[PDB]
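# need coordinates for the following:
(9 chains, ligands or ions: 3)
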Amino acid sequence: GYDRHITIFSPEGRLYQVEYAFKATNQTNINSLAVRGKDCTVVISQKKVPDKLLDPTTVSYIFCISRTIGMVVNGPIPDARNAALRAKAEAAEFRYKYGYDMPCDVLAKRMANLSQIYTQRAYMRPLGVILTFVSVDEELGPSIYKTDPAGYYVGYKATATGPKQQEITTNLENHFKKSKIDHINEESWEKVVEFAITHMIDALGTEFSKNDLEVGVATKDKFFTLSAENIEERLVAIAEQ
Amino acid sequence: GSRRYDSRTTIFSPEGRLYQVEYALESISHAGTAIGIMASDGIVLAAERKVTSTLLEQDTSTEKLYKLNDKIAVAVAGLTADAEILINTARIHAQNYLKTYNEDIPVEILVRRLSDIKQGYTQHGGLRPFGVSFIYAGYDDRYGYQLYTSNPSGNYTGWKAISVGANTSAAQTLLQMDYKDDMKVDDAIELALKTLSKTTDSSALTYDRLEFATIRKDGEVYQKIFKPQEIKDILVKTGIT
Amino acid sequence: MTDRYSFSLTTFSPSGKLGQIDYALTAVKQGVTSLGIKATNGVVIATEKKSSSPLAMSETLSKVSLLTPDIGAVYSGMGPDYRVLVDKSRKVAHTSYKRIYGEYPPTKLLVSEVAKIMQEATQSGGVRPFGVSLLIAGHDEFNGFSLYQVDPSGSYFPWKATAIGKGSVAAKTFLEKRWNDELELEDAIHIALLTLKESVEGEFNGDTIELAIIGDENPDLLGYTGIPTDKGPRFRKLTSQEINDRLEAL
Amino acid sequence: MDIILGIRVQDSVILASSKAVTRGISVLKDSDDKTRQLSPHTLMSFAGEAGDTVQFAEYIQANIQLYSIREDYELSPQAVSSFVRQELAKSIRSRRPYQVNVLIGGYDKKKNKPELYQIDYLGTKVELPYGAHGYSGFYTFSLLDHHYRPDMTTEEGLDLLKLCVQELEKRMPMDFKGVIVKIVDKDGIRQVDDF
Amino acid sequence: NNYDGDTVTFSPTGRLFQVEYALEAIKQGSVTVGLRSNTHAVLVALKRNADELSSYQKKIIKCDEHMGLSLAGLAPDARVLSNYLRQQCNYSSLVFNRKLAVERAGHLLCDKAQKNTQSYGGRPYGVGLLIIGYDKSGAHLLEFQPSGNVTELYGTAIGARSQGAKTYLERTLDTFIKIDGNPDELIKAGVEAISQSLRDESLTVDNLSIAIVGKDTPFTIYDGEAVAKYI
Amino acid sequence: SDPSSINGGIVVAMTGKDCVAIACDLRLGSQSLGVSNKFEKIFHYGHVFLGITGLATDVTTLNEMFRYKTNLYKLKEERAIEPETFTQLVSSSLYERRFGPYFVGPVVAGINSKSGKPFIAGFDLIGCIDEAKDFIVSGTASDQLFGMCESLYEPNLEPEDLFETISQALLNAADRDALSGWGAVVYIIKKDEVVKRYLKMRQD
Amino acid sequence: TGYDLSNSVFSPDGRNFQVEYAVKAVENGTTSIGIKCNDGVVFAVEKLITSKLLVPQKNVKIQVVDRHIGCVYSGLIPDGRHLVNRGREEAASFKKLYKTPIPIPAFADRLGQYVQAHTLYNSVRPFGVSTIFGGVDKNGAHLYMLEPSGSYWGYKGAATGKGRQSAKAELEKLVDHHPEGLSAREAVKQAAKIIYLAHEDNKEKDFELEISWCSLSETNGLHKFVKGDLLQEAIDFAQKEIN
Amino acid sequence: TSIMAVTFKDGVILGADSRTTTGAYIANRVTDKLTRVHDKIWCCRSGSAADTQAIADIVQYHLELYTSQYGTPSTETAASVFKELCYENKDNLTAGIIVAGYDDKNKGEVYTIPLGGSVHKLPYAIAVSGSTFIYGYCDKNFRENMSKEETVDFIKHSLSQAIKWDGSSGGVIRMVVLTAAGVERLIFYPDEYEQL
Amino acid sequence: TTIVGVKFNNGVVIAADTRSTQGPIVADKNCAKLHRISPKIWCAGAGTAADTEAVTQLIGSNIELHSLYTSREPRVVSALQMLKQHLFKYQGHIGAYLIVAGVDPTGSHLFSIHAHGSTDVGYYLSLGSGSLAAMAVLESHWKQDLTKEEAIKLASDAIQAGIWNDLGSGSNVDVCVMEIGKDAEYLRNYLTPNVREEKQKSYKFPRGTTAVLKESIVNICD
Ligand SMILES: [Cl-]
Ligand SMILES: [Mg+2]
Ligand SMILES: [Mg+2]
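Residues are numbered from 1 along each chain as shown, chains lettered A, B, ... in the order given. Ligands and ions are numbered 1, 2, ... in the order given. The protein structure is shown below:
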């Protein structure tokens, strides 16, 4: 059964190597969540540092692709960094050729088309990663676009990725049924981060210290990650309500 | 490495046959029957469309009979997509020859080159051969009216009347039985249709399931690709419907 | 290093079957239903928008794609394979036609170029076939309105009306009963929505259905005035509202 | 390489080509044959840059001889002239162009007609009753325009050629050491032994 | 078993079998000894014949005036690697007017052998080399293995029954290391070392091959009647 | 050593009422020397007429090229190319050789088989399109033709009148150019008939 | 199955068995460690003395990249040399364009992307080495460890090879007992001790110790080998601790 | 073209004229010769407009890609990238560049890449006429750790003199001030600077 | 050739003359120098006519493919960056001198491009042999905060200065108006001030005037 070793069709019309690449996604046992505010897009990811010898500042699955685009990865760090370096290269080249900052959704489509090639060409293996791209686009506003090893991509009101993805998804689904809108009706990004963290706690049923979380925030004309002290200030606000 | 997944499409069997050529010919044997009949004053090409659907657009359809230049046509049996690659190559080779010598390409030269391309795929490159058999109907000022066939092996031969695709055994016996050398085009038209009518796997032969063409002659050669209504008429006139 | 796979991954089996093409068609069968109907004064192409998640924004994923101002495409099968085929189709409409003849290719010739790309994935080294069937609807001055199906093999056939994917067998039977040569465009849209309701199980509205037409020229969509010969694109994607209006009188 | 003349009469083509090869201040040879048989009924005369002339002529000869073997058929003069023109037309936009001018004289066995083709180094092809290359046309064309008749016999054509060669020997400053004359007709190619 | 088809495949225990099989070619090869003092470095090689009518396969190759090696295993591979060393020695002389350090020679052979163990289609080298030289830091002996592992040693041996000679040099270490400014005595120690790897056959005039390099001694190979002194 | 004026010759095209006319001289020379009085510079691919002036080897080469390309067009499109489309093809093909151009002045003439609209167009050697209602001129006597055309031409001429106008435009232009003349051909092109007339002119 | 026969093939688990097999080769290798300190990094390695015939101090395993980066590895020694050679090309091309010597995080990703590339194709074999490397840049001291998969992180202390579990345990104690930080000269002595303690898992053959260091204060931000009196002082300290 | 870059207490200022000439015709009299290659790394371009615009755009790309991977680049790093492009393609390029940048560590820095393709680090630099750099240019006039107001006046005066004697220079005086505070754009109209 | 671009309140306007010249000879008395790159991005060309048309269509083609790929209306900065990088690569051997103007989601833009690949920004620009005549009118009458009607008047006046005073320019004035939130309006032959006066005499020939050697029916059919 060499139809399970390379990206060719099985008799039932499946690509097993693509399906197994999806299973590699959850190898890190990390859950990510992305939501949109009025003016911002917030992405939160669990931060697990099991080894005591590790330098925790270097353990990250959130990447600053460009000045406006942020990318969180669910999957092994080698494939994550492979995708990150390529996305950084693609965003820079776009700006040089076309004279404007590469949009979140166009970078997503580009990285998805690269992923698609790995599912059709045999010599290249798929990357075992799901890429969640966030920005505040100058045309579309707050944007979430997610890529997977099948070369599939789509836009999201909000999204979740990881082992306990379904639990976070239904939690957010239920909120948007109630609120009757496509975003978190909140002025400041600080309170959109507080919402993201609150709903992850409710979905996973676990509490978080300042070192258990990793936060990325997209505003107009910059994407930035929060320090441990920025998160800690945010966790205090939640607790005092 | 990649050696593991190589089918080795260009190797001999212990019996000294080319596996992929033999299996390509098996493929072609399931294709709709194509008959060429060469008369003293023209050539007939008749081909059976593969199990037609009622909602198929019959009038603006080309499956079996293709024009190579003003003096040469081919009937196809096998993968249509493979045939079209080869047909465009042949159309270009014909215009290259006309550009070079200011003379319409002699039929055999075009046939030999197209056959030599097929041969190449069986001896080198490690690709699957073209799953196509052609009947070439053409005229030149040297040999006059000529019928050839080529198959995936790249072998070509000349014929007075020939069939390719499904039920060639049965079709060749019927042609061998009723064919004679002093035959007219109108007689050859009747033979071609009668032969398809008896060899067909369909309940009854109808205009909508047929493609038809004649290369006839006050000193010029005319190619007539028959319209649906013109097939309907010739099918009533010969008394098959 | 380097692509060592310079040999065909699609080969003839002893039975004469091309396994990878057969298996690609199996993937298309599992695919969501899409259909095309040709009227006298236009063509309609339609498909269900199977939403992966309700959090997903189904507007962003476009299953019906403009190839040229007068040519549109829908698919059944693997969405990513379709997306890269649309990109290659748009580019080849320019590189191998528009940049030579200064006009957009006729439906049959663009279909021919798409078919060629899909045939190459069937024979070239180190690649699998495309796991999609395309329905391409188009208009051109000398051929008028036309509808073509393109298969993983690279084979294409012109249709009066057809369907591909999940419920194509049942959908094709339904179209055979309803289709005549005197259909106006509005009649073909009506039939398309009736046909597609059979194959859709869940919600059936303008947000779960994607539908485009090749019809009259749209001066309003051209984006400039002053050139009388330039009258605008014949391809128009129907809005969520325009679909819901035709579902009331159903 | 200077003088190449051609006359197409009723039933044959006559090619006259100067015998002199000059390098610097000395005449190296006075018996040079500036012609190659392309096929049994097709002859090509050539003049131009040293080396290029023979190299081009022999290259064309080999390609026509190859076609004859492959198809067991003699390519028509029109077909040979079209092939030769295309090779020269390729040459002109090459890195180093062939500076060769040719006359192709052939008998078409299908039409039963003699044919003369004049092709210059640019690939400028023209079908003519009579033709020349370089300065040769300047002293003979006025003479040909006058006496040439299309129903002329081979003997009439040879006499008209003598008149042209005599005018060249009188008014031309260089000594071309006379001409070799070859006739192309239905029976093939033969050389006039004495001129 | 399933993991020895090529050099691009690790075994479940993390072994490269094609490299281990290449290493096996060296064990089948005829014994060659290397040893050095502070002043001189010596190669001793037992040359192998096809039969009594044949010549004896040359084991020692000169690379420069100050460097050369002995081979055990595939002789053609030794020719490829020795030719590569000659070019690197030569590049160093022409570009930098600098004799190539024996250590750098080792590093270059290691890196060349490594590339042939990581790429599909290629195969590992099937030869082991003992490189001796005298450079700016004195006498040197290297052991090359086609795994890419190069090792600097006072003495060693490679080939069939090499363990005998290697055990002797391990015992003698303190004696032969101090043979300074005395070529003949250092060769004698090398010839007595290789003698510990002999079975049935003894050292003859056209059988023994010796090479030496040192302070005021260019890399010179002794064969035939020239090695009669040391029998 | 100016490739456009070695061989010499002229083409002119004109529009009339439901008709177009294209005409050329028959001279091919090698500078001062007249070589051929039968070198036609007007070719047709179906119902689309192309005149080409300039370097004769490129005139022959471009004819052979556009025959090739229009033959393949017809096989694939299953219909004869139209003047408007052919114009773009000539433009594309010339600009492809931008930095090694064909030394030619091509002129397109024909009637659109669908709309019945008379069409003419001219190009420079790198394929810049000159689309014109009235007339197009090309060759070594282009200045002379511009003068003749700009004074003689009036719109909506009938085929029989247009013939006289374009004939007189060409003849009188060719007689004031050393490298043009030696005979002339005029094509009168109606929707579904085409007449070709050889003019009698001075042979110097 | 057969998912472990070809590199770059995902198992139904979503694992690359060929990379996991490369780790076995690393686990089979000698012990190597890295210790991050106040203003720099320390590297140490276990060199097994197979024979008396090995020349002491003249089989150096620790490699320098540029002038400021130290590299040590466990597993297939040639694979480590191949990786360092590439590192030197990357560090050279960075300095050529951007002038500044390559920052350690920048350099880490250059090795990372290269090693990861050798897990994308079946035409290549994964690297059979774990590489402990680091040095001093404009942002201070950095220590990294890189694995056959292409995975790397920043470390306070790093260990790999046959005695990794022993070394890791002894590294974890240093992190706990020195939260305010360890000095460069201290880290050299601790590095020696940890190699001697880690040698208990490889005690058939006796061994030779090898230490290098980059320190802003002690080496002026450059990579130097610990030799002579400072090396013998560290050996004596380690000898005293085992007894 | 008259351009200069001066380092002062709080950072560096970039000044230039606004005149672009084709022969004696002023193609653009309101030219912006102050070009951003990073937030706080700007350059003044002299030589071929096409060549300097092409180079500036490539350097902008390289510093964007540098920032993505390695964070904010030093002025030295920007100077290096400029020099690399200018030095390697010296045979087909006519470009003289002055690089001015602000770091929080290094403060204000000025680098010149002249027509040679060499790199020089200076406290200040002036280029007058055809990319002609002046070594001295009133050495006693420039002091280290000048105030912003002193430095603006020093550049305004220097560029005033150049415009007066040179027809290549003219129009308005544009300045960009690079400090910890941020980026300030200054424009001085002819009626201000001509009466100096 | 005279081409101008003028920025106004809510957009940009470009204008050009309609004369095409081979040296001193007028080849086309009414050619169009206003080229569409995109529906709302228009280009005016000067220099080698084949090069301006060729470069405008190539970038126009690549812009359409980029617009489709990104699902976004094309930006003028994209047309600018793609034109200049193409022109620069050929070191001026493509003699295209362009005024690029248009509206996009970002707003209204006006740029000039030089054959060597240098670009400039302006509120008013002119290019071609009539640029100095045109620029004299722009430097005389241009002000900040022009209306649409003021900008068309200024643009066409600038082209007229070229038509009358420059021998390279003549015939008619073409204008294209790109306003924000509106379809761009192409005003072909906006002004026709150079109408040819009635001729003194009809040069229509009596039929049979021309001598004819041979007639023959040409076969255009199959
Ligand atoms: Cl892409
Ligand atoms: Mg694959
Ligand atoms: Mg004349």
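
# residues from chain G in reach of chain B?
Within chain G, the residues that sit near chain B (C-beta under 8 Å from any C-beta of the partner chain) are G:5-6, G:122-123. Backbone N, C-alpha and C define where each C-beta goes, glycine included.

# one more time with 6 Å
By C-beta under 6 Å from any C-beta of the partner chain, the residues of chain G that approach chain B are G:122-123.

# please identify which residue in chain A comes closest to chain D.
Closest approach of chain A to chain D (C-beta to the nearest C-beta) occurs at residue A:97, with a separation of 33.7 Å.

# now the spatially closest residue to that residue that is not a sequence neighbour: how far from residue B:53?
Spatial nearest neighbour of residue A:97, excluding adjacent residues (C-beta to C-beta, 6 or more residues apart in numbering or on different chains): residue I:81 at 6.5 Å. Per C-beta to C-beta, to the nearest Å, residue I:81 is found 51 Å from residue B:53.

# tell me the buried residues in the helix or strand harbouring the residue of chain A closest to chain D?
Assigned by DSSP states H and E, residue A:97 belongs to helix A:77-98. Within helix A:77-98, the residues that qualify as buried by neighbour count (16 or more other C-beta atoms under 10 Å in any protein chain shown) are A:77-88, A:90-92, A:94-96, A:98.

# quick check: the residue nearest to residue A:97 touching residue A:96?
No. Contact criterion C-beta atoms under 6 Å: residue I:81 and residue A:96 do not qualify, at 7.8 Å.

# name the helices or strands packed onto the longest strand along chain H?
Longest strand in chain H by number of residues, with DSSP state E as the criterion: strand H:95-103. Taking 3 or more C-beta pairs under 6 Å, 6 or more residues apart in numbering or on different chains; DSSP states H and E as contact, the helices and strands that strand H:95-103 lies on are strand H:3-8, strand H:11-17, strand H:41-47, helix H:49-70, helix H:75-88, strand H:107-113.

# for the second one, packing partners?
So that's strand H:11-17. strand H:3-8, strand H:41-47, strand H:95-103, helix H:148-165, strand H:173-179.

# need phi/psi at residue 175.
No chain in the question, so chain A it is. For residue A:175, the backbone dihedrals are phi -60, psi -40 (criterion: degrees, to the nearest 10).

# report the separation between the closest residue to residue G:67 other than its chain neighbours and residue B:141.
Of all residues not flanking residue G:67 in the chain, residue G:222 sits nearest, at 5.4 Å (C-beta to C-beta, 6+ apart). Distance of residue G:222 to residue B:141, given as C-beta to C-beta: 87 Å.

# does chain A sit close to the longest strand anywhere in chain C?
Identified as the longest strand of chain C according to DSSP E is strand C:132-140. No. Contact between strand C:132-140 and chain A is absent, the nearest approach being 11.4 Å (criterion: C-beta under 6 Å from any C-beta).

# what's that strand in contact with?
Around strand C:132-140, the neighbours that count as contacts under C-beta atoms under 6 Å, 6 or more residues apart in numbering or on different chains are C:28, C:36, C:43, C:45, C:70-78, C:81-82, C:106-107, C:111, C:145-151, C:164, C:214, C:234.

# right, and the helix or strand after the helix holding residue A:97?
Scanning forward in sequence from helix A:77-98, with DSSP H and E defining helices and strands, the next element found is helix A:104-120.

# what about the strands in the chain?
All of this is about chain A. Defined through DSSP E, the strands belonging to chain A, from first to last, are A:32-36, A:41-46, A:62-64, A:70-74, A:130-137, A:141-147, A:153-156, A:158-161, A:213-219, A:222-225.

# wait, chain I
In chain order, chain I shows strands spanning I:3-8, I:11-17, I:20-22, I:25-28, I:34-38, I:41-47, I:96-104, I:107-113, I:119-121, I:124-127, I:173-179, I:184-191, I:212-218, with DSSP E as the criterion.

# for ligand 3, find the nearest of the strands of chain A.
Across the strands of chain A, ligand 3 has its closest neighbour in strand A:130-137 (68.8 Å, C-beta to the ion).

# packing partners for that closest one?
Packed next to strand A:130-137, using 3+ C-beta pairs under 6 Å, 6+ apart, are strand A:70-74, helix A:104-120, strand A:141-147, strand A:213-219.

# is stretch I:41-49 anywhere near chain F?
Yes. Remark: stretch I:41-49 sits within contact range of chain F at residue I:49, by C-beta under 6 Å from any C-beta.

# which outside residues touch stretch G:79-93?
Contacts to stretch G:79-93, defined as C-beta under 6 Å, 6+ apart, come from residues E:114, G:63, G:65-66, G:71, G:73, G:102, G:110-111, G:114, G:127-129, G:131.

# please identify which helix or strand holds residue G:88.
helix G:77-98.

# could you tell me which of the contacts of strand C:132-140 belong to strands?
Here DSSP E is the test, and the contacts of strand C:132-140 give C:36, C:43, C:45, C:71-77, C:145-150, C:164, C:214 as lying in strands.

# would you map the strands across chain G?
Under the criterion DSSP E, chain G contains strands at G:32-37, G:40-48, G:63-65, G:69-75, G:129-137, G:140-146, G:152-154, G:157-160, G:207-215, G:223-225.

# partner strands of the third one and their direction?
In the sheet, strand G:63-65 lines up against strand G:69-75 (antiparallel) (DSSP bridges).

# okay, the strand it pairs with in PDB with CA atoms only?
Included here for strand G:69-75 are C-alpha records, laid out as PDB according to Å, rounded to 0.1, in the frame of the first residue of the first chain:
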ATOM      1  CA  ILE G  69      29.600  31.100  18.300                       C
ATOM      2  CA  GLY G  70      30.600  27.700  19.800                       C
ATOM      3  CA  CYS G  71      29.100  24.400  18.500                       C
ATOM      4  CA  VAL G  72      29.100  20.900  20.200                       C
ATOM      5  CA  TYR G  73      27.100  17.800  19.100                       C
ATOM      6  CA  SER G  74      26.400  14.100  20.000                       C
ATOM      7  CA  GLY G  75      25.800  11.300  17.500                       C
END
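
# contacts only, for residue A:185.
Residues counted as contacts of residue A:185 (C-beta under 6 Å, 6+ apart): none.

# how about residue H:1?
Residue H:1 makes contact with H:46, H:168, according to C-beta under 6 Å, 6+ apart.

# surely it is within a strand?
No. Secondary structure assignment places residue H:1 outside any strand; it is coil (DSSP: H, G, I helix; E, B strand; the rest coil).

# separation between it and residue H:49?
In this structure, residue H:1 and residue H:49 are 10 Å apart, going by C-beta to C-beta.

# which helix runs longest in chain I?
Of all the segments assigned as helix in chain I under DSSP state H, the longest by residue count is helix I:49-70.

# pull out the buried residues from it.
Using 16+ other C-beta under 10 Å as the burial criterion, the residues of helix I:49-70 that qualify are I:49-64, I:66-70.

# could you do stretch A:57-70 as well?
Neighbour counts using 16+ other C-beta under 10 Å place A:58-70 of stretch A:57-70 among the buried residues.

# now swap in stretch H:177-194 and tell me
Applying a neighbour-count criterion of 16+ other C-beta under 10 Å, one finds H:177-179, H:186, H:188, H:193 buried in stretch H:177-194.
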